[PDB]
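Next up: just one chain, as C-alpha cells, the form deposited in one PDB entry.
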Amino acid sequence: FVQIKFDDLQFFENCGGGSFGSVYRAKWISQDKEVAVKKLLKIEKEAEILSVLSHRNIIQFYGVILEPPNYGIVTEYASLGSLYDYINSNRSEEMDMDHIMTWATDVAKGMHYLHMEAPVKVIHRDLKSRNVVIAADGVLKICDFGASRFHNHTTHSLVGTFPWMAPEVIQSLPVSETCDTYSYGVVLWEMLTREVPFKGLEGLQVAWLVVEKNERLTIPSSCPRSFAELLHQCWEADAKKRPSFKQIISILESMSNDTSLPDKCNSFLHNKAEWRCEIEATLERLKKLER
C-alpha cells in the first residue's frame, strides 16, 4: 500500500458519473505519471492481498488515496482507451488476423494469470470489452478484476452487462472460473464482428434468451470454423464444458500455426459488408420475438 496524497493528483475528467466506482483520469504530480483513480466511499485494509498482483495484461496498481472523505485506488492509465471504444470505431478496420490473435492472447493470458498464477485466485465475474484497455504499445490490460470481491458498488447498468454474463452469473447460481471463459468468448466475437453484442435489445430479454433458449450471439456463416468452434466451447451452457484459459492459450497457439487460417480469417474480417446482415437479421428476429 503506497499512499498517494489527494493533493499529489491533478484530476482531468471523470468516466463514470461522479459516483462511487467512477474513474478519473489524472496526473500524479509527485511522479509525473498519467493515472486512473477510482472513487470509493472507503478502502478495505484487508484488500492488500490484491495490491501484489502484477502482469503485463492486467492494469497496474500504484497506490491508495486515504484522506477522508476522499478514498480512491490509483492505477496506470492506458493511453489508447478501452477495447470497447476501439472495436466500435472505424479504427477497428485496421484489424487483421495477427491483430485479433495478439489481442485475444493478451486477454487470455491476463485471465490465466488471475485464475492460476497470482498470490490469490481471482475470478473476475465482470470481464467485458469495456473492462479491457489498450496501453501505448497496443498491449491489452484487464481492469476491474478485484471489483466482484471487494468493491461490489462499482458494478451494480447491470442491464448493460447481460451480453457478457454467463448464464450461471445471471441466475446468481454457483459460479466457477469458467464464467470468465464465457465472457471472453463474447470479447472474441466482438473483435471478430466489431458489433455491439445483442445491440438494441432489452437486458431482461437477453438474460432470458441466453438462459432459457440457449441463445448465443450470431456467428457469421463465413467465419472460420476454428474461430466458430472456439466461440462455441466458450459459450457452453454447462460451465464444466468450457475451456480453461490455459487451454484457450494453447488453442490460439494451434490456430496461429495453421497456414490456411490467415487468408481465411482476413478474408472474413474484411468482408463485413456481406455478413453484417446475418447479425442484423437475428437482431430483428429477436426484437420482434417480444412484440
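Basically, rigid core = biggest C-alpha set you can superpose within 1.5 Å across the two forms. Residues that one form lacks are left out of the comparison. Residue numbers here begin at 1 and follow the sequence given.
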ask   = Which class describes the count of deposited residues lacking coordinates between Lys213 and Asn214: none, 1 to 3, 4 to 9, or 10 or more?
value = none
task = Return whichever of 281-289 and 3-11 has the greater mean Cα B factor according to the PDB record.
result = 281-289
request  = Going by the average Cα B-factor in the PDB entry, point out whether 142-150 or 98-106 comes out higher.
outcome  = 142-150
ask   = From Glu253, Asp238, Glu46, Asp258, can you pick the one with the highest C-alpha B factor in the entry?
value = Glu46
ask   = Can you tell me which of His156, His124, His112, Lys128 has the highest Cα temperature factor in the record?
value = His156
message = Considering every modelled residue of the chain and its Cα B-factor in the PDB entry, is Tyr86 in the lowest, middle or highest third?
response = middle
inquiry  = Could you place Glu168 in the lowest, middle or highest third of its chain by Cα temperature factor, using the values in the record?
reply    = middle
Chain third (lowest, middle, highest) by recorded CA B-factor, residue given as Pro243 = lowest
query = Ranked by Cα temperature factor within the chain, is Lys272 in the lowest third, the middle third or the highest third?
reply = lowest
task = Using the B-factors in the PDB entry, rank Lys264's C-alpha atom against the chain and give the third, lowest, middle or highest.
result = middle
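One more form of this protein exists, namely the form deposited in another entry; it is left out here, but the text below deals with it.
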ask   = Can you tell which of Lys33, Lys45, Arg225, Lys241 moves its Cα by 2 Å or more between this form and the one not shown, with the two forms laid on the rigid core?
value = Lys45
request  = Establish whether a shift of 2 Å or more occurs at the C-alpha of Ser19 between this form and the one not shown, with the two forms superposed on the rigid core.
outcome  = yes
request  = Could you check whether the CA atom of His151 moves 2 Å or more between this form and the one not shown, using the rigid core for the fit?
outcome  = yes
note = in the other form the CA atoms of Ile29 and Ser19, compared with here and shifted by at least 3 Å, lie farther
task = Classify the change in Cα distance between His151 and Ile29 in the other form as closer or farther, relative to the shown form (magnitude of 3 Å or more).
result = farther
ask   = Upon rigid-core superposition, which contiguous segments of at least three residues exhibit Cα shifts of 2 angstroms or more between this form and the one not shown?
value = 15-21, 45-47, 151-156
